[PDB]
Number of protein chains: 2
Amino acid sequence: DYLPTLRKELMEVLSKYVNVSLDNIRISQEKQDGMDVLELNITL
Amino acid sequence: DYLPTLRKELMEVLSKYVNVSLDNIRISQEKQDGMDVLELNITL
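Structural notes, computed from the coordinates. (Residues numbered from 1 in each chain as written, not as in the entry; some residues may be left out. Chains lettered and ligands numbered in written order. Heavy atoms only, no water. Residues with missing side-chain atoms left out of burial classes, pairs and counts.)

## A word on the overall build of chain A
Each helix and strand in chain A was counted, giving one helix and two strands. Start at the N end of chain A and walk to the C end: the helices and strands fall as α-β-β. Each of the three principal axes of chain A carries a C-alpha extent, and together these read 35 × 20 × 15 Å. Put simply, of all contacts in chain A between residues at least 6 apart along the chain, 26% involve residues at least 24 apart. (Helix = DSSP H or I, 4+ residues; strand = E, 2+ residues; numbered from the N terminus. Contact = heavy atoms within 4.5 Å.)

## Side note on the pairing of strand 1 (residues 25–32) of chain A
Residue and element names in this part refer to chain A. Pairing of strand 1 with strand 2 (residues 35–43), which is carried by eight bridges, proceeds in the antiparallel orientation. By the bridge assignment, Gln 29 is partnered in strand 2 with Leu 38. Here strand 1 folds back onto strand 2, and the loop between the two strands holds two residues, one of which, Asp 33, carries a positive phi near 60°. (Pairing = 2+ DSSP bridges.)

## Quick look at the sheet that holds strand 1 (residues 25–32) of chain B
Sheets are built from strands paired through backbone hydrogen bonds, the pairs being either parallel or antiparallel. Taken in spatial order, the four strands of this open sheet run 1(A)-2(A)-2(B)-1(B), and their pairing is antiparallel. If you trace the sheet from one side to the other, it starts and ends with strand 1 of chain A together with strand 1 of chain B, each paired once. Strand-to-strand twist across the sheet, computed as the mean angle between neighbouring axes with direction ignored, equals 20°. Pairing of strand 2 of chain A with strand 2 (residues 35–43) of chain B involves seven bridges; the strand directions are antiparallel. Each residue of the ladder has a partner; that of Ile 42 of chain A, found in strand 2 of chain B, is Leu 38 of chain B. (Axes fitted to C-alpha atoms, helices over the stretch in contact; angles between N-to-C directions.)

## What to know about the pattern of salt bridges
Pairs may arise between side chains of opposite charge once their charged atoms sit close together. Residue and element names in this part refer to chain A. This model, assessed by the stated rule, comprises two salt bridges over all chains. Here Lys 8 makes a salt bridge to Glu 12, at a shortest N to O gap of 2.6 Å. Placement of the pair is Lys 8 and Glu 12 together in helix 1 (residues 3–17), with a separation of four residues, close to one helical turn. (Salt bridge = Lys/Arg side-chain N within 4 Å of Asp/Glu carboxyl O.)

## A short note on the packing of helix 1 of chain A against helix 1 (residues 3–17) of chain B
Closest axis-to-axis distance for the helix 1 of chain A/helix 1 of chain B pair is 11 Å, and the angle between their directions is 155°. On the basis of their axis angle, the class for helix 1 of chain A and helix 1 of chain B is roughly antiparallel. In this structure, helix 1 of chain A meets helix 1 of chain B at a crossing whose hand is right-handed. On helix 1 of chain B, the residues that touch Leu 6, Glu 9, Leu 10, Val 13, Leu 14 and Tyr 17 of chain A of helix 1 of chain A are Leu 6, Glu 9, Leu 10, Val 13, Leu 14 and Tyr 17 of chain B. Across the contact of helix 1 of chain A with helix 1 of chain B, the residue classes tally to 10 nonpolar, no polar and two charged. (Parallel < 35°, antiparallel > 145°, perpendicular 65-115°, else oblique. Left-handed = near helix turned anticlockwise from the far one by under 90°. Nonpolar A, V, L, I, M, F, W, Y, C, P; charged D, E, K, R; others polar.)

Function-wise, these values are silent; they only describe arrangement.
As structure tokens, this is what we get:
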């Protein structure tokens, strides 16, 4: 609900920075070592 | 000049989403397989 939405928001912001589409952007939400870590990747 | 700036911009946007500081955000710019891949990480 919360972060998942913010993750989409991050994608949109990035797509505007390098003027690509959302299909070229990947973002993952994972729980490791007890913590919730977001990872946002893009290939240019 | 270009992406390095956008990388900082990404950090700022993320810090506002989860209302943290820039010190809790990491972002890397690396060349792998001939391509330039940005990686933005945050621990929550």
